[PDB]
Amino acid sequence: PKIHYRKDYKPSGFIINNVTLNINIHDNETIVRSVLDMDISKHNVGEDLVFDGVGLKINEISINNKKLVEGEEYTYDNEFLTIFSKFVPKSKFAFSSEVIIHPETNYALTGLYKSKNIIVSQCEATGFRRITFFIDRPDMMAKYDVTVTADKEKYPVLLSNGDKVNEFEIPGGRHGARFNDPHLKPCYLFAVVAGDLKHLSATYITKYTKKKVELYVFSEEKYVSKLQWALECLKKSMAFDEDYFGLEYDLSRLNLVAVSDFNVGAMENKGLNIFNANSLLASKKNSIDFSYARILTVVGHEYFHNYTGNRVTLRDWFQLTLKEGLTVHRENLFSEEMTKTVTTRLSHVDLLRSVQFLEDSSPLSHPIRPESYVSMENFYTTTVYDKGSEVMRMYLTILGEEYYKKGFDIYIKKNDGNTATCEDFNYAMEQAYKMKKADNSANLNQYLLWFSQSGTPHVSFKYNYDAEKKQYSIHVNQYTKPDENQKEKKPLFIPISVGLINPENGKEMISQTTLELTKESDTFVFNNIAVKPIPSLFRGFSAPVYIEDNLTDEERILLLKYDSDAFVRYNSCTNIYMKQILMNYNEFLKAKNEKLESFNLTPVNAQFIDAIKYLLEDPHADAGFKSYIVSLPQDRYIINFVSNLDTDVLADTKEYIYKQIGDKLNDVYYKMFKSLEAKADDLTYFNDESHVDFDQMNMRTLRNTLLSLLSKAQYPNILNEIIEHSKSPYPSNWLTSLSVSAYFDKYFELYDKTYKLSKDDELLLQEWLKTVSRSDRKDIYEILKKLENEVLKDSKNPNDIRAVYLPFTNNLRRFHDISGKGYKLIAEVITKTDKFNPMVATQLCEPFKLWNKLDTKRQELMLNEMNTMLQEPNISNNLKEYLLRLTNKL
Ligand SMILES: Cc1cccc(CNC(=O)N[C@@H](CC(C)C)C(=O)NO)c1C
Ligand SMILES: [Mg+2]
Ligand SMILES: [Mg+2]
Ligand SMILES: [Mg+2]
Ligand SMILES: [Zn+2]
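Residues numbered from 1 in each chain as written, not as in the entry; some residues may be left out. Chains lettered and ligands numbered in written order. Heavy atoms only, no water.

A. Local environment of the overall build of the chain. Per the secondary structure count, the chain includes 26 helices and 31 strands. Along the first, second and third principal axes, the C-alpha set of the chain runs to 85 × 70 × 60 Å. Counting only residues that meet the buried cut, the chain has 60% of its 890 residues in that class. Sequence-distant contacts, at least 24 apart, represent 71% of the contacts inside the chain between residues at least 6 apart. Summed over its atoms, the accessible surface of the chain is roughly 35,800 Å², and 49% of this surface lies on carbon and sulfur atoms. One way to put it: in the chain the 112 positive side-chain charges average out to a point 1 Å from where the 123 negative ones average out. (Helix = DSSP H or I, 4+ residues; strand = E, 2+ residues; numbered from the N terminus. Buried < 20%, exposed > 50% of the residue type's maximum accessible area, 1.4 Å probe, protein only. Contact = heavy atoms within 4.5 Å. Areas by Shrake-Rupley, 256 points an atom, 1.4 Å probe, with all protein chains shown as cover. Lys, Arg positive; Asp, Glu negative; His and termini not counted. Charge placed at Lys NZ, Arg CZ, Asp CG, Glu CD.)

B. Fine view of the UniProt feature "binding site: a peptide" in the chain. Under the present numbering, the feature "binding site: a peptide" in UniProt falls on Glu124, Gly265, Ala266 and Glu268. These annotated residues cover 145 residues of sequence, but their C-alpha atoms sit close together, with the largest distance between any two at 12.6 Å. Looking at where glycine 265 falls in the secondary structure, it is placed in the loop between strand 19 (253–259) and strand 20 (266–267). Non-local contacts of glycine 265, meaning those with residues more than four positions away in its chain, are made with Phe275, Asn276, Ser279 and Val298. The residue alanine 266 is located in strand 20 in this model. (UniProt positions renumbered as here; feature names shortened; annotations may be inferred.)

C. Examining unusual backbone geometry more closely. Along the chain, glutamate 124 connects to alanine 125 via a cis peptide bond; the corresponding omega equals -10°. Inspection of the secondary structure puts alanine 125 in the loop between strand 11 (118–122) and strand 12 (142–151). Of note in this structure, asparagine 717 is not a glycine but carries a positive phi near 70°. Structurally, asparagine 717 can be placed in the loop between helix 15 (694–712) and helix 16 (718–725). The exposure class of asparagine 717 is exposed, given its relative accessible area of 62%.

D. Summary view of the packing of aromatic side chains. Tallied over the full model, the rule gives 49 aromatic pairs. Measuring from centroid to centroid gives 4.5 Å for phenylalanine 245 and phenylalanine 408, while their planes differ by 45°, and the two rings are tilted. Residue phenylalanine 245 is located in helix 1 (residues 228–245), and its partner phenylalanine 408 is located in helix 6 (residues 401–414); the two are separated by 163 residues in the primary sequence. Given a relative accessible area of 9%, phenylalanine 245 falls into the buried group. When its relative accessible area of 1% is taken as the criterion, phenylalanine 408 is described as buried. Against the face of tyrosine 9 rests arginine 315, its NZ or CZ located 3.9 Å from the ring centre. The ring of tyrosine 403 has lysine 406 sitting right over it, with the charged end atom 5.4 Å from the ring centre. (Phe/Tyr/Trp six-rings, centres within 6.5 Å; stacked < 30°, edge-to-face > 60°. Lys NZ or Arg CZ within 6 Å of the ring centre and 35° of its normal.)

E. Expanded view of empty space enclosed by the protein. The full count for this structure, using the stated rule, is 5 cavities of 30 Å³ or more. Approximately 150 Å³ is the volume found for the largest cavity. Around the largest cavity, the lining comprises 15 residues; the ones closest to its centre are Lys284, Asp289, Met697, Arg700 and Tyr730. Among the secondary structure elements, those contributing two or more residues to the lining of the largest cavity are helix 2 (289–304) and helix 15. For the lining of the largest cavity, the leading source of residues is helix 15, giving 3 residues. Grouping the amino acids of the lining of the largest cavity by side-chain chemistry returns 8 nonpolar, 3 polar and 4 charged. Lining the lining of the largest cavity are residues from two domains, each supplying at least three of them: domain 3 (284–454) and domain 5 (551–890). (1 Å grid on protein atoms, 1.4 Å probe; cavity = no way out; pocket = protein on both sides within 12 Å on 5 of 7 lines; lining within 4 Å. Points joined across faces, edges and corners; volume = space filled by probe spheres on them. Nonpolar A, V, L, I, M, F, W, Y, C, P; charged D, E, K, R; others polar. Domains from an automatic or database assignment.)

F. Spotlight on the nonpolar core. Of all hydrophobic cores here, the largest spans 241 residues; its most connected members are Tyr404, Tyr447, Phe526, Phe538 and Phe848. Examining the composition of this core, we find that 13 residues originate from one element, helix 14 (residues 647–680), more than from any other. Setting aside chain neighbours within four positions, we find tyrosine 447 in contact with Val391, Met394, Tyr395, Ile398, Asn426 and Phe493. In this structure, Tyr76, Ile135, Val146 and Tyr155 belong to the second largest nonpolar core, which totals 46 residues. (Core = buried A, V, L, I, M, F, W, Y, C linked by side-chain atoms within 4.5 Å.)

G. Structural context of the site of ligand 1. For ligand 1, the set of nearby residues contains 16 residues, the closest of which are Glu268, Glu302, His305, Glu324 and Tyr385. One nitrogen or oxygen atom from the main chain of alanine 266 is found 3.1 Å from an oxygen atom belonging to ligand 1. A distance of 3.2 Å separates an oxygen atom of ligand 1 from a polar atom in the side chain of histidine 301. A total of 540 Å² of accessible area belongs to ligand 1 in isolation, and the protein chains cover 85% of it. Among the secondary structure elements, those contributing two or more residues to the shell around ligand 1 are strand 20 and helix 2. Its residues assigned to classes, the shell around ligand 1 shows 6 nonpolar, 5 polar and 5 charged. Summarising the domain contributions, the shell around ligand 1 has at least three residues from each of domain 2 (198–283) and domain 3 (284–454). (Near = heavy atom within 4 Å. Polar contact = N/O pair within 3.5 Å; in protein donor to acceptor, adjacent residues only side chain to side chain.)

H. Representation of the sheet that holds strand 18 (residues 212–220) in the model. Spatial ordering of the open sheet is given by 17-18-19-21-20, a layout of 5 strands whose pairing is mixed. Pairing within the sheet leaves two strands with one partner each, and these edge strands are strand 17 (197–205) and strand 20. Bridge count between strand 18 and strand 19: 5 bridges; the pairing is parallel. Within strand 19, the residue paired with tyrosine 216 across the bridge is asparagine 255. (Pairing = 2+ DSSP bridges.)

I. Highlighting the environment of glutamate 468. As for its position among the elements, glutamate 468 is in the loop between strand 25 (458–466) and strand 26 (471–479). Between the alpha carbons of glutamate 468 and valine 531 there is a distance of 10.0 Å; along the sequence they are 63 residues apart.

J. Layout of the pattern of salt bridges. One pass over the full model with this rule turns up 65 salt bridges. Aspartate 250 is the partner of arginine 311 in a salt bridge, and the nearest nitrogen-oxygen pair spans 2.8 Å. Within this pair, whereas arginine 311 is found in the loop between helix 2 and strand 22 (312–314), its partner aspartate 250 is found in the loop between helix 1 and strand 19, the two being separated by 61 residues in sequence. An identical accessibility class is assigned to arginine 311 and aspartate 250; each is buried. (Salt bridge = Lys/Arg side-chain N within 4 Å of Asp/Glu carboxyl O.)

K. Broad picture of the pairing of strand 19. Counting buried residues in strand 19 gives 6 out of 7 residues, a clear majority hidden from the surface. Across 5 bridges, strand 19 lies against strand 21 (residues 272–276) in parallel orientation. Counted as the bridge partner of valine 259 is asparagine 276 from strand 21.

In structure tokens, the structure reads:
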């Protein structure tokens, strides 16, 4: 279809200086009256004036109070309004339009829409054009004066960006409010909300200027008591940006608003952040533990955009990673500091190495700054976001904390109030880098390849120790696989954070150092290394790469036990698991294909199993860490290492491994499950929505992981423990009782009990839906059909749709049924959903991303469903672009 290219970027021939809106909300229509105070830029060459405007019903068009007429001075085709150049003035002018739109039937949740009884907007990326005409792109920065009117009884709270400057009554039971947002902004940061909303509020005093900021968080009345953690997390985010970056908030007021129907997590509209209710609302008796982490990171992320996205914005959409990667990095820094648990960093690594590495070896592979797009919407990707953040975090690793803060400050100062590009950020970091090296010839020109080159680098190692010289060498190689974006791949600037562990006593042998690999290969030599070390490589996960440590399992075990760095310990464990998984996978696959009547499996390493026991029995070791060591790598991590994957054979492989370990450790697992109870489920802070003990949350996580293992093993009398756990007041515990009960006939009683506990809270019923959807059940397909008919019905709430289907698609055995019925079922949902919400339909395609990694029968089934979906008449441009790229047609 229509393809935009990065190299084709040109500034506009026009400038929009001021936007003055009247948004008049009525029962069956919203009327939008808009004045744009415009001018011609220095780049103008007498061209037609072309506005974006999608699905708008025009009442009137004028320029300087002169009415323009369809077919004579303009054309409109439901996408673009063209004003012929003859009637475009040559100096300052006022463009006026009035259009009609229909929030009430906008089920796509982009533009102006209705979520339950709340009228709300979503404008990023290209939603403003669905409200009114605009040059709808992020370099068209302007100031906004916004009046909203509505029925007073139905819509008493009216909000738009900035200072509320007047409130007034209107005949017929209506009323209005006017806002002035003094900060120049692109139109994707416009927002408006109208509803019967309740709030909590507080005053925050900024650290340096002592500015008073009123903080408001809003929801529908039913869930006002679920707003407190959000408000606290906002106070935390504000203090962190002050403390780490020196950044203060810059309006007198900041509103956060929860709505039930939202396509993603939240949105950074200036002074008016709008959230999926699942990422703003919690209470301890009606939310699982993970809701608290999600709210903290999502509130954080939107707050951090106030500088990284708002005060410094994007020149064009190809720069998305500049705000999202950098904001993800700020959010992860925030989250690591607020949680103070090593699991937080690990969880970011886990997400990258599963979901993002898969994307990066898929036909969807792109660099973090793409070269082209059809729907910009399809480039809000784990690549742009999570690889983006790892790339932004490497600057911190390379520079250190003080020179990182210096380079960041150069960036944010220089480009304040303006657009920026990835080059501008690298330029700023390069200034810091020269200062740190004390050499004005040092440069970061090689660093740009992190923005332009797709694919995951493979970093491999060889070691040599000379005992006479006490000298140790690490020889390092990097390789990125050629792909459709580059047929030849260049070496990157890869920072390798390293230590060296003495295997005799388990201690540190050097001060930690960062090796700067800039070539295809290099050898780093260390002197005064008193015995042969074991290397601790890529500490903290210091670059976004496949690590081939070339260590034995014996050396990996010593790192798991004695290394200081949590990532290296975890990764060493991960590698032991992977070696075992690939070996047994190959054993089962050969036996299956050869139709063998007998064959052998390589047992799980017995010293590894002893090391897992020793960690678990250590009462001073971290409980979150322990939950990571007893869990195999995720399926989407594993698939990155297998071509032609038989999912059945993998499910058999994983079961054998877990069985082998549990045959040794179940008694330890049980004993720990019981000993952890007192501290794990202690009710300190249970009534305090302003404080969360993350260490204690990790103890519950560990208890629940162990309970799953023991349930699946049918450990004696474990059902009793399951029934007791179902009575815990923590929903994390009592929903776990449901999933782990899948292995017993009590499942359907716990299904009904947990349903009853869940059904009167919108968000809790959604967590119940996911718990059911991921239940390890033989009858999962009949359970899905029960969810559809009894609970989902014909809901258009993306949270409901996502809750029912996505966890099921991670069921390795059932979703990949060799019949293809899983693939068919999800395809039908995608196509159904695409007729009203193209964005959500494409999110539901995620399970197909690995199609060309599967065995050839499963490839064929997925491929047939994808081509079928592509044959759907009126398929959205979103879904079509996605499926065309995914099936190697584009
Ligand atoms: C396809 C799609 C669907 C919904 C929303 C958008 C605009 N994106 C947006 O607000 N992105 C979030 C990311 C989400 C996972 C929450 C963001 O970074 N907000 O700051 C897009 C582009
Ligand atoms: Mg319309
Ligand atoms: Mg996150
Ligand atoms: Mg609902
Ligand atoms: Zn963001």
